[PDB]
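**Student:** As input, take data28.cif (mmCIF, N, CA and C atoms; chains and numbers go by the auth columns):
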data_input
loop_
_atom_site.group_PDB
_atom_site.id
_atom_site.type_symbol
_atom_site.label_atom_id
_atom_site.label_comp_id
_atom_site.label_asym_id
_atom_site.label_seq_id
_atom_site.Cartn_x
_atom_site.Cartn_y
_atom_site.Cartn_z
_atom_site.B_iso_or_equiv
_atom_site.auth_seq_id
_atom_site.auth_asym_id
ATOM 1 N N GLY A 1 -101.424 -122.159 -21.514 0.00 1 A
ATOM 2 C CA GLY A 1 -100.971 -122.999 -22.644 0.00 1 A
ATOM 3 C C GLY A 1 -99.699 -123.754 -22.318 0.00 1 A
ATOM 4 N N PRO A 2 -99.790 -125.081 -22.111 0.00 2 A
ATOM 5 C CA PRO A 2 -98.620 -125.928 -21.852 0.00 2 A
ATOM 6 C C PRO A 2 -97.628 -125.871 -23.008 0.00 2 A
ATOM 7 N N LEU A 3 -96.401 -125.500 -22.697 0.00 3 A
ATOM 8 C CA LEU A 3 -95.394 -125.279 -23.718 0.00 3 A
ATOM 9 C C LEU A 3 -94.701 -126.575 -24.119 0.00 3 A
ATOM 10 N N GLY A 4 -94.967 -127.020 -25.336 0.00 4 A
ATOM 11 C CA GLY A 4 -94.231 -128.135 -25.895 0.00 4 A
ATOM 12 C C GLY A 4 -92.881 -127.697 -26.403 0.00 4 A
ATOM 13 N N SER A 5 -92.641 -126.392 -26.378 0.00 5 A
ATOM 14 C CA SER A 5 -91.341 -125.865 -26.732 0.00 5 A
ATOM 15 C C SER A 5 -90.453 -125.857 -25.494 0.00 5 A
ATOM 16 N N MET A 6 -90.469 -126.992 -24.815 0.00 6 A
ATOM 17 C CA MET A 6 -89.620 -127.270 -23.670 0.00 6 A
ATOM 18 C C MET A 6 -89.280 -128.747 -23.733 0.00 6 A
ATOM 19 N N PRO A 7 -88.529 -129.130 -24.771 0.00 7 A
ATOM 20 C CA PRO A 7 -88.380 -130.528 -25.193 0.00 7 A
ATOM 21 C C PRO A 7 -87.967 -131.485 -24.085 0.00 7 A
ATOM 22 N N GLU A 8 -87.139 -131.034 -23.141 0.00 8 A
ATOM 23 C CA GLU A 8 -86.660 -131.928 -22.086 0.00 8 A
ATOM 24 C C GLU A 8 -87.780 -132.335 -21.132 0.00 8 A
ATOM 25 N N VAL A 9 -88.889 -131.609 -21.143 0.00 9 A
ATOM 26 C CA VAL A 9 -90.041 -131.999 -20.340 0.00 9 A
ATOM 27 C C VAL A 9 -90.607 -133.328 -20.860 0.00 9 A
ATOM 28 N N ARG A 10 -90.350 -133.618 -22.129 0.00 10 A
ATOM 29 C CA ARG A 10 -90.662 -134.920 -22.688 0.00 10 A
ATOM 30 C C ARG A 10 -89.388 -135.748 -22.786 0.00 10 A
ATOM 31 N N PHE A 11 -88.357 -135.124 -23.337 0.00 11 A
ATOM 32 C CA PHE A 11 -87.112 -135.804 -23.633 0.00 11 A
ATOM 33 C C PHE A 11 -86.460 -136.334 -22.374 0.00 11 A
ATOM 34 N N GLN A 12 -86.225 -135.466 -21.399 0.00 12 A
ATOM 35 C CA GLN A 12 -85.422 -135.819 -20.237 0.00 12 A
ATOM 36 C C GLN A 12 -86.068 -136.947 -19.442 0.00 12 A
ATOM 37 N N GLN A 13 -87.392 -137.012 -19.464 0.00 13 A
ATOM 38 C CA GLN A 13 -88.091 -138.055 -18.731 0.00 13 A
ATOM 39 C C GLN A 13 -87.909 -139.380 -19.455 0.00 13 A
ATOM 40 N N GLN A 14 -88.072 -139.336 -20.771 0.00 14 A
ATOM 41 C CA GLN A 14 -87.747 -140.474 -21.619 0.00 14 A
ATOM 42 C C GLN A 14 -86.256 -140.788 -21.522 0.00 14 A
ATOM 43 N N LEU A 15 -85.464 -139.779 -21.173 0.00 15 A
ATOM 44 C CA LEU A 15 -84.023 -139.955 -21.047 0.00 15 A
ATOM 45 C C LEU A 15 -83.705 -140.760 -19.804 0.00 15 A
ATOM 46 N N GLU A 16 -84.487 -140.564 -18.743 0.00 16 A
ATOM 47 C CA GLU A 16 -84.373 -141.387 -17.534 0.00 16 A
ATOM 48 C C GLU A 16 -84.802 -142.813 -17.843 0.00 16 A
ATOM 49 N N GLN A 17 -85.773 -142.927 -18.724 0.00 17 A
ATOM 50 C CA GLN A 17 -86.267 -144.220 -19.146 0.00 17 A
ATOM 51 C C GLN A 17 -85.195 -144.972 -19.934 0.00 17 A
ATOM 52 N N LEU A 18 -84.554 -144.290 -20.884 0.00 18 A
ATOM 53 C CA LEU A 18 -83.428 -144.868 -21.614 0.00 18 A
ATOM 54 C C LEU A 18 -82.263 -145.058 -20.665 0.00 18 A
ATOM 55 N N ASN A 19 -82.196 -144.152 -19.713 0.00 19 A
ATOM 56 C CA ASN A 19 -81.204 -144.183 -18.643 0.00 19 A
ATOM 57 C C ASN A 19 -81.279 -145.498 -17.886 0.00 19 A
ATOM 58 N N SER A 20 -82.472 -146.050 -17.895 0.00 20 A
ATOM 59 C CA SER A 20 -82.770 -147.314 -17.234 0.00 20 A
ATOM 60 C C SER A 20 -82.335 -148.476 -18.109 0.00 20 A
ATOM 61 N N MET A 21 -82.179 -148.166 -19.376 0.00 21 A
ATOM 62 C CA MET A 21 -81.933 -149.149 -20.408 0.00 21 A
ATOM 63 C C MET A 21 -80.453 -149.220 -20.733 0.00 21 A
ATOM 64 N N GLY A 22 -79.674 -148.457 -19.985 0.00 22 A
ATOM 65 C CA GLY A 22 -78.245 -148.449 -20.169 0.00 22 A
ATOM 66 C C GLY A 22 -77.834 -147.406 -21.172 0.00 22 A
ATOM 67 N N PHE A 23 -78.742 -146.482 -21.436 0.00 23 A
ATOM 68 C CA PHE A 23 -78.474 -145.390 -22.340 0.00 23 A
ATOM 69 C C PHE A 23 -78.328 -144.098 -21.550 0.00 23 A
ATOM 70 N N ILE A 24 -77.094 -143.661 -21.402 0.00 24 A
ATOM 71 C CA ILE A 24 -76.773 -142.486 -20.597 0.00 24 A
ATOM 72 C C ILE A 24 -76.070 -141.436 -21.430 0.00 24 A
ATOM 73 N N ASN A 25 -75.950 -141.699 -22.721 0.00 25 A
ATOM 74 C CA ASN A 25 -75.455 -140.701 -23.638 0.00 25 A
ATOM 75 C C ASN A 25 -76.599 -139.759 -23.909 0.00 25 A
ATOM 76 N N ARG A 26 -76.799 -138.819 -22.998 0.00 26 A
ATOM 77 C CA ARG A 26 -77.896 -137.868 -23.090 0.00 26 A
ATOM 78 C C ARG A 26 -78.046 -137.353 -24.505 0.00 26 A
ATOM 79 N N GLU A 27 -76.927 -136.939 -25.079 0.00 27 A
ATOM 80 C CA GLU A 27 -76.867 -136.521 -26.477 0.00 27 A
ATOM 81 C C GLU A 27 -77.603 -137.508 -27.379 0.00 27 A
ATOM 82 N N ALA A 28 -77.185 -138.772 -27.343 0.00 28 A
ATOM 83 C CA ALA A 28 -77.775 -139.797 -28.190 0.00 28 A
ATOM 84 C C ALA A 28 -79.244 -140.012 -27.845 0.00 28 A
ATOM 85 N N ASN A 29 -79.516 -140.184 -26.550 0.00 29 A
ATOM 86 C CA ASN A 29 -80.872 -140.367 -26.043 0.00 29 A
ATOM 87 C C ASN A 29 -81.831 -139.318 -26.610 0.00 29 A
ATOM 88 N N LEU A 30 -81.591 -138.045 -26.306 0.00 30 A
ATOM 89 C CA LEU A 30 -82.541 -137.007 -26.692 0.00 30 A
ATOM 90 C C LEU A 30 -82.474 -136.688 -28.183 0.00 30 A
ATOM 91 N N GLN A 31 -81.340 -136.944 -28.838 0.00 31 A
ATOM 92 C CA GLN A 31 -81.260 -136.779 -30.294 0.00 31 A
ATOM 93 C C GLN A 31 -82.182 -137.779 -30.966 0.00 31 A
ATOM 94 N N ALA A 32 -82.304 -138.923 -30.322 0.00 32 A
ATOM 95 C CA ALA A 32 -83.181 -139.967 -30.800 0.00 32 A
ATOM 96 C C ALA A 32 -84.603 -139.510 -30.588 0.00 32 A
ATOM 97 N N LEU A 33 -84.808 -138.845 -29.464 0.00 33 A
ATOM 98 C CA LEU A 33 -86.096 -138.279 -29.137 0.00 33 A
ATOM 99 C C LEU A 33 -86.396 -137.044 -29.978 0.00 33 A
ATOM 100 N N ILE A 34 -85.364 -136.402 -30.519 0.00 34 A
ATOM 101 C CA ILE A 34 -85.568 -135.254 -31.399 0.00 34 A
ATOM 102 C C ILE A 34 -86.208 -135.708 -32.696 0.00 34 A
ATOM 103 N N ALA A 35 -85.631 -136.740 -33.297 0.00 35 A
ATOM 104 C CA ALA A 35 -86.147 -137.243 -34.565 0.00 35 A
ATOM 105 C C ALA A 35 -87.417 -138.074 -34.379 0.00 35 A
ATOM 106 N N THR A 36 -87.709 -138.471 -33.144 0.00 36 A
ATOM 107 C CA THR A 36 -88.927 -139.227 -32.872 0.00 36 A
ATOM 108 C C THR A 36 -89.999 -138.355 -32.201 0.00 36 A
ATOM 109 N N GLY A 37 -89.577 -137.224 -31.635 0.00 37 A
ATOM 110 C CA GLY A 37 -90.504 -136.278 -31.024 0.00 37 A
ATOM 111 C C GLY A 37 -91.179 -136.818 -29.775 0.00 37 A
ATOM 112 N N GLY A 38 -90.456 -137.618 -28.997 0.00 38 A
ATOM 113 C CA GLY A 38 -91.002 -138.116 -27.754 0.00 38 A
ATOM 114 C C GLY A 38 -91.437 -139.551 -27.883 0.00 38 A
ATOM 115 N N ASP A 39 -91.060 -140.161 -28.994 0.00 39 A
ATOM 116 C CA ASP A 39 -91.402 -141.546 -29.247 0.00 39 A
ATOM 117 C C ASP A 39 -90.240 -142.357 -28.771 0.00 39 A
ATOM 118 N N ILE A 40 -90.282 -142.679 -27.503 0.00 40 A
ATOM 119 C CA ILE A 40 -89.157 -143.275 -26.845 0.00 40 A
ATOM 120 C C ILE A 40 -88.898 -144.671 -27.368 0.00 40 A
ATOM 121 N N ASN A 41 -89.934 -145.285 -27.904 0.00 41 A
ATOM 122 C CA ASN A 41 -89.823 -146.615 -28.460 0.00 41 A
ATOM 123 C C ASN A 41 -88.872 -146.572 -29.638 0.00 41 A
ATOM 124 N N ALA A 42 -89.151 -145.651 -30.552 0.00 42 A
ATOM 125 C CA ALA A 42 -88.316 -145.460 -31.718 0.00 42 A
ATOM 126 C C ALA A 42 -86.974 -144.861 -31.320 0.00 42 A
ATOM 127 N N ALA A 43 -86.967 -144.029 -30.275 0.00 43 A
ATOM 128 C CA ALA A 43 -85.718 -143.535 -29.705 0.00 43 A
ATOM 129 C C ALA A 43 -84.769 -144.693 -29.396 0.00 43 A
ATOM 130 N N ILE A 44 -85.269 -145.694 -28.667 0.00 44 A
ATOM 131 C CA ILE A 44 -84.466 -146.871 -28.336 0.00 44 A
ATOM 132 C C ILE A 44 -84.050 -147.584 -29.606 0.00 44 A
ATOM 133 N N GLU A 45 -85.007 -147.792 -30.505 0.00 45 A
ATOM 134 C CA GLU A 45 -84.755 -148.509 -31.749 0.00 45 A
ATOM 135 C C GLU A 45 -83.762 -147.760 -32.630 0.00 45 A
ATOM 136 N N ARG A 46 -83.610 -146.466 -32.395 0.00 46 A
ATOM 137 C CA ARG A 46 -82.604 -145.687 -33.098 0.00 46 A
ATOM 138 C C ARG A 46 -81.238 -145.892 -32.473 0.00 46 A
ATOM 139 N N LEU A 47 -81.210 -146.059 -31.167 0.00 47 A
ATOM 140 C CA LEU A 47 -79.962 -146.315 -30.461 0.00 47 A
ATOM 141 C C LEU A 47 -79.479 -147.737 -30.734 0.00 47 A
ATOM 142 N N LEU A 48 -80.430 -148.655 -30.846 0.00 48 A
ATOM 143 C CA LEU A 48 -80.122 -150.053 -31.114 0.00 48 A
ATOM 144 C C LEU A 48 -79.900 -150.255 -32.601 0.00 48 A
ATOM 145 N N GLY A 49 -80.710 -149.563 -33.387 0.00 49 A
ATOM 146 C CA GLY A 49 -80.706 -149.768 -34.822 0.00 49 A
ATOM 147 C C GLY A 49 -79.716 -148.880 -35.539 0.00 49 A
ATOM 148 N N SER A 50 -79.712 -147.605 -35.196 0.00 50 A
ATOM 149 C CA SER A 50 -78.847 -146.654 -35.866 0.00 50 A
ATOM 150 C C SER A 50 -77.573 -146.430 -35.063 0.00 50 A
ATOM 151 N N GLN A 51 -76.660 -147.375 -35.160 0.00 51 A
ATOM 152 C CA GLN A 51 -75.364 -147.241 -34.538 0.00 51 A
ATOM 153 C C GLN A 51 -74.315 -147.393 -35.613 0.00 51 A
ATOM 154 N N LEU A 52 -74.033 -146.283 -36.258 0.00 52 A
ATOM 155 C CA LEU A 52 -73.189 -146.279 -37.430 0.00 52 A
ATOM 156 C C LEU A 52 -71.742 -146.035 -37.044 0.00 52 A
ATOM 157 N N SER A 53 -71.036 -147.127 -36.804 0.00 53 A
ATOM 158 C CA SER A 53 -69.634 -147.082 -36.439 0.00 53 A
ATOM 159 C C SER A 53 -68.817 -147.904 -37.435 0.00 53 A
#
Please render this file's structure as structure tokens.
**Tutor:**
Amino acid sequence: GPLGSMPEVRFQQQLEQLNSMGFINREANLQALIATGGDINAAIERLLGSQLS
């Protein structure tokens, strides 16, 4: 049984992908992936869209 309870197996790879996009705030990257569950598209759109400063 492949364990999906190993989030970085999805997250960290998408994190390299965001890493390619100039997103190296691992925290932000995978937090975006936390609320998207591996939806890196929305992950990016959360980094671009949800920047509450």
**Student:** Looking at A:18, A:5, A:10, A:27, which one is nearest to residue 44 of chain A, with distances taken over all atoms listed in the file?
**Tutor:**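 Smallest separation from residue 44 of chain A among the options: A:18.
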**Student:** Just the number, please: distance in Å from atom C of residue 37 of chain A to atom CA of residue 11 of chain A, one decimal.
**Tutor:** 7.4 Å
**Student:** Take every atom of segment 6-23 of chain A listed in the file, fit an axis-aligned box around them, add 8 Å per side, and give the centre and edge lengths in Å to one decimal as JSON.
**Tutor:**
{"center_x": -84.2, "center_y": -138.1, "center_z": -21.2, "size_x": 28.8, "size_y": 38.2, "size_z": 24.0}
**Student:** May I ask which of the residues A:28, A:40, A:33, A:21 is the closest one to residue 7 of chain A, counting only C-alpha atoms?
**Tutor:**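 Of all the options, A:33 lies closest to residue 7 of chain A.
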**Student:** Which is closer to residue 13 of chain A than all the others in A:25, A:31, A:52, A:38, using only C-alpha atoms?
**Tutor:** A:38
